[PDB]
**Student:** 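Structure below; questions to follow.
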Amino acid sequence: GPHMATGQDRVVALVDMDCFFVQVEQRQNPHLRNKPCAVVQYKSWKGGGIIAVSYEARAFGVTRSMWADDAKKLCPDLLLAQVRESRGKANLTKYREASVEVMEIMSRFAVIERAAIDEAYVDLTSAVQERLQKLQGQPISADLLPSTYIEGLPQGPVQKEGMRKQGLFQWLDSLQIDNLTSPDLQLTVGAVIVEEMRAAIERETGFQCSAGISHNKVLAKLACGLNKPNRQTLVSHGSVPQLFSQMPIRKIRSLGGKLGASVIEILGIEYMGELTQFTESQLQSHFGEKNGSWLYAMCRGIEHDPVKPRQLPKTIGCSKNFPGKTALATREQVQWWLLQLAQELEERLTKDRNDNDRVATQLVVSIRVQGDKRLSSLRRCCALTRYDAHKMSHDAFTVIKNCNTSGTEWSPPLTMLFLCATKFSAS
DNA sequence: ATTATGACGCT
DNA sequence: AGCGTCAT
Ligand SMILES: Nc1ncnc2c1ncn2[C@H]1C[C@H](O)[C@@H](COP(=O)(O)NP(=O)(O)OP(=O)(O)O)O1
Ligand SMILES: [Mg+2]
Ligand SMILES: [Mg+2]
């Protein structure tokens, strides 16, 4: 009764850019705006691999991971923008910099956790509290929420904007606005703030985004995807039972892989809500103490993972695959590509040191061998004492050379190289 | 020949 | 420390 926590203590948003790399290229090249459009890396092999797709192109069935040549079969008028290529490899600098633009705007409103190049979590609890204190007894107008969906509404007694507004009206009509500690009210004020953040992002960058507002990161992330693009979705604690009743387990963050599959197989269920029928000890018994307790709370809409105060990446890496016949088979080849990777890594480390007052102290070198399906076949580290590309590539070769069975020749051929700078200290 | 690259858990 | 999992 009065002692069961309900996970309504926080307001958390997840903001995620709509077709991010495509919008970066469309801002730069107005000819691509409002068109079926995709971003591709490389070109020789089947026209290049697609990594981002405009919503106009998605309507034709173009998806991420598709070869551009195949995408053209689905969408003959597809426009393409190519990732910059430097030193023989794709270079993602333009998108990292555009990402920094967005994260810096978001960080004016609240502490953010950078969750990926185009998304960040926002802990709005304090901001909601402040805004409720200035704005006491003021009813919240639908005009303050022009792009907000309320998940689960309308219910009860033909066009999508009509539905959105009817749901929003039901929600606001039902609100108890003179209760400063009401969770539903807090979420609503959170959504007002997220509307403002999103307007600021679009004003100052040209980029559109979607957002989820809920009481934790998992629900905010799930909410965000419910009405992409260019919209935001509020998922309340009370909406959770119906929402989870038909929600495939795999749609919840961290359950999209083997663990989620095990939950489905061992328990013989399909939807997140079915998890409520198990005791905490049962879930721990199958999936471990940590996972069991997490699942027990998550299926009830309760999650406690904090929004970490971290706007900057914790590692700086460069990787390249060498698929099929292009696998690296000579010592010279391995060293040349280590140098290329190391030169890009140096350029990025030096900019990072000047911008963020920190220095990496460890270099992690990882490789994949022809035939091994695993992402990394071998990982080894060494000290990172100087931002010097020749030294870093030489040290990486020193740390991997004894993986070579026998040569001038390298065997088995290398299908991936990866250099990653880690363990930053302030400087 | 799904590429580049992040975060974090396990032992 | 090195490997595995999950993610965009
Ligand atoms: N598997 C992958 N490999 C490489 N780059 C990837 C990637 N997944 C994403 N990216 C890159 C390219 C993407 O532009 C960017 C953000 O990924 P999303 O947020 O998953 N997708 P987007 O923002 O494009 O569309 P939406 O509106 O549905 O959110 O990261
Ligand atoms: Mg996105
Ligand atoms: Mg994203």
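Side chains included, hydrogens not; waters and symmetry mates left out as well; all remaining heavy atoms used. Just so it is clear: chains get the letters A, B, ... in the order the sequence lines come, proteins before strands, and each one is counted from 1.
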**Student:** Could you state the atom-to-atom distance from CG of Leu414(A) to P of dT3(B) in whole Å?
**Tutor:** 16 Å

**Student:** Which of these nucleotides, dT5(B), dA7(B), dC3(C), is closest to any side-chain atom of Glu344(A)?
**Tutor:** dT5(B)

**Student:** Counting the atoms with a prime plus P, OP1 and OP2 as sugar-phosphate, which does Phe20(A) contact under 4.0 Å by heavy atoms, base, sugar-phosphate, or nothing?
**Tutor:** nothing

**Student:** Just to be sure I understand the rule, does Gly49(A) reach a base, reach only the sugar-phosphate, or reach nothing, if contact means heavy atoms closer than 4.0 Å?
**Tutor:** nothing

**Student:** Given atom OH of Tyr95(A) and atom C1' of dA4(B), what is their separation to the nearest angstrom?
**Tutor:** 12 Å

**Student:** Anything under 3.5 Å between a protein N or O and an N or O of nucleotides 5-8 of chain C, put it in a table, one pair a line.
**Tutor:**
unit_1	atom_1	unit_2	atom_2	d
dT5(C)	OP1	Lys258(A)	NZ	3.2
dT5(C)	OP2	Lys258(A)	NZ	3.0
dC6(C)	OP1	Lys258(A)	N	3.3
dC6(C)	OP1	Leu259(A)	N	2.9
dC6(C)	OP2	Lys258(A)	N	2.8
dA7(C)	OP1	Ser254(A)	N	2.8
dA7(C)	OP1	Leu255(A)	N	3.4
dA7(C)	OP1	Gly256(A)	N	3.0
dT8(C)	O3'	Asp118(A)	OD1	3.2
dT8(C)	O3'	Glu119(A)	OE1	2.9

**Student:** Could you check how far CD1 of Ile112(A) sits from P of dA7(B), rounded to whole Å?
**Tutor:** 13 Å

**Student:** Specify the residue among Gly324(A) and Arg114(A) whose closest nucleotide of DNA chain B lies further upstream toward the 5′ end.
**Tutor:** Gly324(A)

**Student:** State which of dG6(B), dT2(B), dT3(B) makes the closest approach to the side chain of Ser65(A).
**Tutor:** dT2(B)

**Student:** Compare the minimum distances between each of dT2(B), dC8(B), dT5(B) and the side chain of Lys308(A), then state the nucleotide with the smallest one.
**Tutor:** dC8(B)

**Student:** Take the protein atom CE of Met416(A) and the nucleotide atom P of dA1(B), then report the distance between them rounded to whole Å.
**Tutor:** 13 Å

**Student:** Contact class for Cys420(A) (heavy atom, under 4.0 Å): base, sugar-phosphate, or nothing?
**Tutor:** nothing

**Student:** Distance between the P atoms of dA1(B) and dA7(C), in whole angstroms?
**Tutor:** 24 Å

**Student:** Nearest-Å distance, CG (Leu378(A)) to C1' (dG2(C))?
**Tutor:** 9 Å

**Student:** Roughly, in whole Å, what's the span from CG in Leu345(A) to P in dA4(B)?
**Tutor:** 15 Å

**Student:** For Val235(A), which of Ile213(A), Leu222(A), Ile150(A), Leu243(A) qualifies under side-chain contact (heavy atoms from CB on, under 4.5 Å)?
**Tutor:** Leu243(A)

**Student:** So which nucleotide from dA1(C), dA1(B), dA7(B) ends up closest to the side chain of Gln362(A)?
**Tutor:** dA1(C)

**Student:** On the 0 to 90° scale, with breaks at 30° and 60°, tag the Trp67(A)-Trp45(A) ring pair as parallel, tilted or perpendicular.
**Tutor:** perpendicular

**Student:** Have a look at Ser210(A) and tell me which of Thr233(A), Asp16(A), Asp18(A) forms a side chain to side chain donor-acceptor pair (under 3.5 Å) with it.
**Tutor:** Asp18(A)

**Student:** Of the options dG4(C), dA1(C), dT5(B), whose atoms approach the side-chain atoms of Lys89(A) most closely?
**Tutor:** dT5(B)

**Student:** Assign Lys320(A) to base, sugar-phosphate, or nothing according to its heavy-atom contacts below 4.0 angstrom with the strands shown.
**Tutor:** sugar-phosphate

**Student:** Inspect the contact between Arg108(A) and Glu204(A) and indicate whether a charged nitrogen and a carboxylate oxygen are less than 4.0 angstrom apart.
**Tutor:** yes

**Student:** Look at atom NE2 of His390(A) and say whether more than 12 heavy atoms of other residues, nucleotides or ligands are closer to it than 6.0 Å.
**Tutor:** no

**Student:** Give me the atom names and distance for the closest heavy-atom approach of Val53(A) to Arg58(A).
**Tutor:** O-NE, 2.9 Å

**Student:** For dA7(B), does OP1 or OP2 lie under 4.0 Å from any side-chain N or O of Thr315(A)?
**Tutor:** yes

**Student:** Atom NZ of residue position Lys391(A) - does it have more than 12 heavy atoms of other residues, nucleotides or ligands inside 6.0 Å?
**Tutor:** no

**Student:** Kindly say if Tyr42(A) contacts the phosphate of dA4(B), meaning a side-chain N or O under 4.0 Å from OP1 or OP2.
**Tutor:** yes

**Student:** If you look at every strand shown and take non-hydrogen atoms under 4.0 Å, does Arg96(A) touch a base, only sugar-phosphate, or nothing?
**Tutor:** sugar-phosphate

**Student:** From the set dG4(C), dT3(B), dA7(B), return the single nucleotide nearest to any side-chain atom of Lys314(A).
**Tutor:** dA7(B)

**Student:** Check whether the ring centres of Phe278(A) and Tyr296(A) lie less than 6.0 Å apart, and answer yes or no.
**Tutor:** no

**Student:** Flag the pair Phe287(A) / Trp294(A) as yes when their ring centroid distance falls below 6.0 Å, and as no otherwise.
**Tutor:** no

**Student:** To the nearest angstrom, how far is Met66(A) atom CE from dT2(B) atom P?
**Tutor:** 12 Å

**Student:** Tell me the interatomic distance from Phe418(A), atom CZ, to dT3(B), atom P, rounded to whole angstroms.
**Tutor:** 15 Å

**Student:** Which is true for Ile316(A) with a 4.0 Å heavy-atom rule: it touches a base, it touches only sugar-phosphate, or it touches nothing?
**Tutor:** sugar-phosphate

**Student:** How do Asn291(A) and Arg348(A) order along DNA chain B: which one's closest nucleotide is nearer the 5' end?
**Tutor:** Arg348(A)

